[PDB]
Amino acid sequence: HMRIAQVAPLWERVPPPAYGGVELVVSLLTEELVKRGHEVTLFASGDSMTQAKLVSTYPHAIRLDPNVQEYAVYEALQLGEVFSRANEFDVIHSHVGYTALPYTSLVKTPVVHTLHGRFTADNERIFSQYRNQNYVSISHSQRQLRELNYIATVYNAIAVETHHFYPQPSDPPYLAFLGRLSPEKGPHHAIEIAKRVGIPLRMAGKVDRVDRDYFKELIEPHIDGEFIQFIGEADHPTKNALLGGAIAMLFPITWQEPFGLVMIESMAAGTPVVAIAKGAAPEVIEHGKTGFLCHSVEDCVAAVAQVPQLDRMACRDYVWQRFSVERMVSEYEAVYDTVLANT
């Protein structure tokens, strides 16, 4: 019974064929919001696929589009389209970060900001000046600016039914890395863990413009093609066979992870996660059940020997209980009611 605007980043298609975290959450939230009888307008790339109304300022995803050199041009276009149509919505749900804060004070329509990212020394200055705005975090450890007006915590979710469940891992063992080849994800840790335990590592993910040197210096020289394998950017079927076949997924972040969708994607396939207890990993993994929280590489190596002790169906059942779209969208519906009443 609401008019809702979903403003997505333009780097990826809202249902992204391969890499894409924020866009994927926007997809799940938007489709379920439409099923619940709301009039939803989605602001996203032109190739996006939604049953809501799609208003786009570019036909394709920006990251892998070769004709685009200035992402900010189309980012500003869609920001101008949204807030200049502010009277056609009851609430604006923005997912594009701080670039929407200076527009929010200029329109009557209340705006909800879902924080999808780490806090940095720079962005804290702009969030501080707009402290009295409606923010929603995706984990508790993310709230490093305890002066912002946090309306609620809404954990992210995946579509568990669309992930195939694997009862037992592949017959010759192998570990899995899934994610962008970034130091923040620590694929260098994953490679070192693999031959310390003697178990091969299969990796999937993109190597985008900012990590080419890092991949070039620390990741590429270790890729055998046999013990260390790199398939590159994987689509949904590819990553599901990647995670499902592994005894465990290595998540050795060196970073203040806000959430980590690949963790709940690994558990949905029935594969537990060996992660480092940074960021939101303690809130996502139940230690000694759906994975192991570790505080060093040697802890991760010691934990890999204890991953067959886990019940794999409990991993999938865990994802159903906490990270389903049903719960997430219902929690976002509770946010919209709060913002539209406590104005």
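Residue indices: 1-based, along the sequence shown.
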Exercise. Select between 99-107 and 251-259 the stretch whose C-alpha atoms have the higher average B-factor in the entry.
Key: 99-107
Practice problem: May I ask you to compare 85-93 and 175-183 by their mean CA B factor in the entry and name the higher one? | Solution: 85-93
Exercise. Please work out which residue in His38, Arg312, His60, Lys278 has the highest C-alpha B-factor recorded for this crystal structure.
Key: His38
Exercise. Would you mind checking where the Cα B-factor of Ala269 ranks among the modelled residues of its chain, as the lowest, middle or highest third?
Key: lowest
Quiz item: Where does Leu29 sit by CA temperature factor within its chain: lowest, middle or highest third?
Solution: lowest
Quiz prompt | Modelled-residue ranking by C-alpha temperature factor, third containing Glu298 | solution = highest
Self-check item: Modelled-residue ranking by C-alpha temperature factor, third containing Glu70
Solution: highest
Quiz item: With respect to C-alpha B-factor, does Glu226 fall in the lowest, middle or highest third of the chain as deposited?
Solution: highest
